[PDB]
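Remarks on the structure that follows.
Here the Cβ is made from the backbone with ideal geometry for all residues, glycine too, and neighbour counts use every protein chain on show. Here, each number is a calculation from the coordinates, and none is a lab measurement.
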Ligand SMILES: CN1CCN(Cc2ccc(NCc3ccc(F)cc3)cc2)CC1
Ligand SMILES: CN1CCN(Cc2ccc(NCc3ccc(F)cc3)cc2)CC1
Ligand SMILES: CCCCCCCCCCCCCC(=O)O
Ligand SMILES: CCCCCCCCCCCCCC(=O)O
């Protein structure tokens, strides 16, 4: 990414090979680089334990005449992440239809063997994966751009909580200011 | 002039403590870290017209 | 908010002590080593059907 | 607005923003077997959220020359999630289905699709008086294609579209539960099909309960656009599924 | 007479004519998870008669030189009926077990067996400071044999019988739920083990809930008979099993 | 009235079953600036769960209710340089990075202060170290703005008659006290987007509003035959706190103690591709 | 309510006389896994005895309610090796054998903790020992998992703003505090028969569940002309305790701090013969 602002946009195209992956990421809100510096990851980085559900909201920023459907699925922890839409569909997922309402919300449920999870997540306290796949594909009429972008928003539900106040590792100094 | 109040504990397990103030300045009192009231509406729902979750956001 | 309870003593020989909690966290309280309830049945009689000592164990 | 519908089964949800109403079989909602109609004696298993969930089958391409496709159930879902395992390990089964078909295109596209569920869709072979294997009409979740011309190969079913492989007028399929996907005003169709059979329960590996057919009555057309095809996707979700007669697993 | 017991789970039944009483864990009967103790949010599946049934593991031979055997659960049942499939397809699980061991011999045989379930039976490797794979202690339903002498191979667990591979006196295993099979008056032992763990639920592929051990304290002996060995068989039946967190199936 | 008697829990999941209706909780519109209030019960079947977790530890009072170092400094009991034998620190909370970032998450703050002083001494290396010295004593002096400032260790200003001071002897517990809310305004301001002069000229930023005073420290009368070095650490602990207008946490490293200057930094780290999850 | 008012004895023998009946309390069957509940009154004539003995001292609370050393370590005030001037200990209870065995008699435990620190200092031998140094001061720092870790004695991380810490001066009473139940699960587990990865690979045993953090100790600012060595001892004292699933005490000697590895050991000692009693 030669341009930093490009990090916020998920590319999309017309004539997409059928059943393609849009994106894939690991669900580590406090450790993964994706969620590290978000408004939520910053808060979690001041703590050691966390619990509760999470919300992921996706907004389509294409043309008004464009249309399409997408499948977004959450895969609980396992020995292997999904590699195809057939594997992804088996877990919790929602079918998103693009229309007048430009935003859809994927609520990630709290499925864990322990009441709490470590911010410095490991194999024992892994949380799973989240992936998005083409459901029908994007179709556009003549005289429209051939590409579009999507954005994702992250936040916590009303059952979220944190614990054990620790010092964040993102900030450090070498000499007195 | 002694205040008796409950102390933090678990869900299903004399959970009382006594406090007395010795100084004439309120700034000398101990931290009042026993308040747990919160309201996220100010930042989560700053809109003018109330929107119902079930109904469509627009129209 | 002061608790008065008896202290350990012998069989035939004011056996009272006072306790007060100063901290707001129950983890700061002293050990509650005055409980003497026990039940060995969980490990000594884990059988389903109750067996009477006087009667034969089997048949 | 009544043009938005949301469906939630198990741990999966379907949201549509431009949908028509929902068709419910013959007016009968799926339900569990009653005590006064059962014949088997042993307790039935009732995997609930495990078997009852949406399962998306492979997607197809819609070109200007497409003629139609069909799927046979539950052989389509025979190898899908825990539903396939339960079918394999059990002798008897019973369940209703909810079928959702997705197809979206811009306002400058034109076309019409017929979505219909045909119970007991017995089919005849291309050469009259010559049998076909159980592969020319069902081989898993893959879709089978109709043909515009008369079929000639003896090892497969007669795929004449205008006869629908059943010796009946294709235009008379409206009698069965059905819905239309008109690109002008609709993107998806939803059908709820209860359990229909002459017996309370039946083996799901030997008997095809019903067949799903998609036929383009108005062929797709467009002009001056970068989109060359319109994908179609099918989603199905068993409802009120129960099994009986546990045994070794069918190969 | 109280020496005859019959047990019925699902579509299977166990009948014994010369059995001792039944031991029930720590006095706690298996039960479903309560609402005020659960942590997961989604609805749990509850396959009932499908998963809760007796499953007989492979049989072993008891010779005059046998030292003992052990099995680890639920890895033993990991590939047994629909129970294995449910374990494979789910992230979390929870279930109690009922263990039945069969061993019969004529009135002219003598011997004694100790049957005990050890929760969290962590074991140490033969060479201190050298790791072992997940194959020297669990490879399905096959039984693993203890050794009279000290183990020397570095790739397997220390099988010293008198230490039981846990660094503790073998004679002190009486603390755990247990039963004895004395050929004089008993042929089988029955133990009901509730779910014991530090969390409401756990993955059944990563964690061994408990270990079953059979140790002959009095070695088998006989004289002038055509029977050369006394087979031993083990039967297990999950109880009140429920799963959560459906996903793709673990290889 | 010899005695005067003086449990909030996060939300609970509610059982949800299959649904088929026109309501679409999952669909919303972020364009309104409104964060969706959907819950997992609204998009999947869920069981009934009673949750006993509490957000007690997340309150601002507990978050800011920890003592943190804000300033260190060394001064010698005896030396040729007069300025080296005592300390003079203008009070400010922007010196230490951790506490600075913790405070800068809010725009306005109002709290009482609890100050603790930790003092340690060590004997300087040299060719001759043998000596006998009784326990040392230290004086901490606070000069509100506009008051006289000492110019040497033995200055007359060390005879405080109105300025509060503390005398402390080594070997005892660290000194401690309380300070009330002493801002001329209604609340402390971590940021100030404005100037000092009315014609938009002069000092810019939060440096204009820093008028808290100074702190001075010295050895009362200790003067060893050989040099001895002492170090003092200051710890601040907000109490009875209140905050307004939260702002995003800082991302770039601090570079100045009285300015927001920074260097551009990447948003976050990178990975092989958008699909990499391993 | 200025006051709020807040004797179990072992069984008593009962008189028994001659008996002749079909009841046979002495005969039983151990095959059931049931321990006989017979008493001496059931097999011989006995007098009436009132027993006042109590099992108060045998409760788990009292059994585990004793402070025991868990870790020792030495660090120097000044030395060439940076890593030698401070300590960094991952918290665990498997280091000392006595406390390890005491804890390992139960499978699951749930208790509060009381930690006490004992610190002593001694001056290192050398060719020149004459020096004068004021009282030393020490800092104890606790870093929950994932927090920053100091790399040297004078690192920036020693400015704890959220991490709890204690500053202690020699000559006073040992430092003390309380720690609540801080396990993510519902109870501590002394044993874990499982793996870390879902495919049964990686770490094995109780090492997978040890995520308690680290403890760091240093001299605040002491730097003597000559080396001085200090030692710290950590003592743990469970309080308000509960235990489940007792297991037999260990027999073989410990050999690893994070594994159950052992060497086979004889069951017990021997004697001349089965009849020897002298
Ligand atoms: C412009 N900044 C706004 C925030 N404000 C924080 C702050 C508040 C109070 C103090 N008190 C220092 C102090 C003074 C005298 C005394 F005896 C003890 C402590 C410092 C900073 C800083 C300015
Ligand atoms: C896996 N083992 C289970 C038993 N568990 C025992 C244990 C429990 C608590 C502690 N606390 C150490 C501590 C941490 C911070 C602090 F400020 C004071 C003490 C240690 C061991 C060990 C792990
Ligand atoms: C400067 C106050 C010193 C207080 C000393 C301890 C309390 C002594 C009185 C007993 C408590 C009763 C107080 C009250 O009447 O509210
Ligand atoms: C922080 C608490 C300090 C308590 C000081 C000693 C007790 C003084 C009050 C006399 C006892 C009465 C207590 C009560 O009302 O329960």
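What is the residue count in the range F:22-41 for residues that are out of contact with any strand residue (DSSP E or B) (no Cβ under 7 Å at 6 or more places or on another chain) and more than 19 Å from residue F:246 (Cβ to Cβ)? The number of residues fulfilling the criteria is 4.
The listed residues are F:41, F:16, and the only one of them that is in contact with a helix residue (DSSP H, G or I) (Cβ under 6 Å, 6 or more places away or on another chain), surrounded by 17 or more Cβ atoms within 10 Å (Cβ to Cβ) and more than 10 Å from chain B (Cβ to nearest Cβ) turns out to be F:16.
Filtering the range D:29-46 to residues that are surrounded by 19 or more Cβ atoms within 10 Å (Cβ to Cβ) and either more than 17 Å from residue D:247 (Cα to Cα) or out of contact with any strand residue (DSSP E or B) (no Cβ under 6 Å at 6 or more places or on another chain) (or both) leaves only D:30.
Regarding residue G:143, is this residue under 27 Å from residue F:231 (Cα atoms) and away from chain A (no Cβ under 14 Å)? No, not satisfied.
Of the residues making up the range F:147-163, not a single one is more than 23 Å from residue F:90 (Cβ to Cβ), more than 16 Å from ligand 1 (Cβ to nearest atom) and in contact with a strand residue (DSSP E or B) (Cβ under 7 Å, 6 or more places away or on another chain). Might you check whether a residue that is more than 14 Å from ligand 4 (Cβ to nearest atom) and closer than 28 Å to residue G:110 by Cβ occurs anywhere in the range B:12-24? There is at least one residue in the range B:12-24 that is more than 14 Å from ligand 4 (Cβ to nearest atom) and closer than 28 Å to residue G:110 by Cβ.
Evaluate the following for residue G:224: is it buried (at least 16 other Cβ atoms within 10 Å of the Cβ), within 14 Å of chain F (Cβ to nearest Cβ) and within 16 Å of ligand 1 (Cβ to nearest atom)? Outline the logic, then answer.
Details: buried (at least 16 other Cβ atoms within 10 Å of the Cβ): yes; within 14 Å of chain F (Cβ to nearest Cβ): yes; within 16 Å of ligand 1 (Cβ to nearest atom): no.
Against the criterion (buried (at least 16 other Cβ atoms within 10 Å of the Cβ), within 14 Å of chain F (Cβ to nearest Cβ) and within 16 Å of ligand 1 (Cβ to nearest atom)), residue G:224 does not qualify.
Please find, among G:261, G:269, G:273, the residue that is within 14 Å of chain E (Cβ to nearest Cβ) and either within 16 Å of ligand 3 (Cβ to nearest atom) or exposed (fewer than 15 other Cβ atoms within 10 Å of the Cβ) (or both). Only one candidate qualifies: G:269.
So, in the range A:35-49, of the ones that are more than 23 Å from residue A:150 (Cα to Cα) and in contact with a strand residue (DSSP E or B) (Cβ under 8 Å, 6 or more places away or on another chain), which residue ends up surrounded by the most Cβ atoms within 10 Å (Cβ to Cβ)? Here the answer is A:48. The residue that is farthest from residue G:58 (Cα to Cα), among those in the range C:25-42 that are surrounded by 11 or more Cβ atoms within 10 Å (Cβ to Cβ) and within 16 Å of ligand 4 (Cβ to nearest atom), is C:25. Whenever a residue of the range E:230-251 is facing another protein chain (nearest Cβ under 7 Å), its partners that are part of a loop (DSSP other than H, G, I, E, B) and surrounded by fewer than 18 Cβ atoms within 10 Å (Cβ to Cβ), lying with C-beta atoms within less than 6 angstrom and at least six residues away or across chains, give the pairs E:250/A:79. Residues that are within 16 Å of ligand 2 (Cβ to nearest atom) and either part of a strand (DSSP E or B) or away from chain B (no Cβ under 14 Å) (or both) within the range C:1-30 comprise just one, C:25. Determine whether the range A:50-73 contains at least one residue that is more than 16 Å from the chain's Cα centre (by Cα), assigned to a strand (DSSP E or B), more than 7 Å from every other protein chain (Cβ to nearest Cβ) and surrounded by fewer than 19 Cβ atoms within 10 Å (Cβ to Cβ). No, because not a single residue in the range A:50-73 is more than 16 Å from the chain's Cα centre (by Cα), assigned to a strand (DSSP E or B), more than 7 Å from every other protein chain (Cβ to nearest Cβ) and surrounded by fewer than 19 Cβ atoms within 10 Å (Cβ to Cβ).
Test residue B:42 against the stated conditions and say whether it is more than 30 Å from residue G:182 (Cα to Cα), more than 15 Å from ligand 3 (Cβ to nearest atom) and not in a loop (DSSP other than H, G, I, E, B).
On the way: more than 30 Å from residue G:182 (Cα to Cα): yes; more than 15 Å from ligand 3 (Cβ to nearest atom): yes; not in a loop (DSSP other than H, G, I, E, B): yes.
When the stated conditions are applied, residue B:42 passes them.
Restricting to the range E:176-204, name every residue that is surrounded by fewer than 22 Cβ atoms within 10 Å (Cβ to Cβ) and in contact with a helix residue (DSSP H, G or I) (Cβ under 7 Å, 6 or more places away or on another chain). Selection gives E:180, E:182, E:185.
If you go through the range G:200-211 one residue at a time, do you hit one that is under 25 Å from residue A:76 (Cβ atoms), away from ligand 3 (no atom under 16 Å from the Cβ) and more than 29 Å from the chain's Cα centre (by Cα)? Yes, some residue in the range G:200-211 is under 25 Å from residue A:76 (Cβ atoms), away from ligand 3 (no atom under 16 Å from the Cβ) and more than 29 Å from the chain's Cα centre (by Cα).
For the range D:150-191, a residue qualifies if it is within 17 Å of residue D:70 (Cβ to Cβ) and in a loop (DSSP other than H, G, I, E, B), and the qualifying residues are D:151, D:156, D:158, D:159, D:164, D:165, D:166, D:167, D:168, D:169, D:176, D:177.
Out of contact with any helix residue (DSSP H, G or I) (no Cβ under 9 Å at 6 or more places or on another chain), away from ligand 4 (no atom under 16 Å from the Cβ), more than 14 Å from chain A (Cβ to nearest Cβ) and farther than 29 Å from residue F:72 by Cα: is that true of residue G:96 in this structure? The answer is yes for residue G:96.
Can you find a residue that is more than 16 Å from ligand 2 (Cβ to nearest atom), buried (at least 20 other Cβ atoms within 10 Å of the Cβ) and over 30 Å from residue F:182 (Cα atoms) anywhere in the range F:91-98? Looking for residues that are more than 16 Å from ligand 2 (Cβ to nearest atom), buried (at least 20 other Cβ atoms within 10 Å of the Cβ) and over 30 Å from residue F:182 (Cα atoms), one finds none in the range F:91-98, hence no. For the range F:152-179, filtered to residues that are within 14 Å of chain B (Cβ to nearest Cβ) and exposed (fewer than 14 other Cβ atoms within 10 Å of the Cβ), the residue that is farthest from ligand 2 (Cβ to nearest atom) is F:164.
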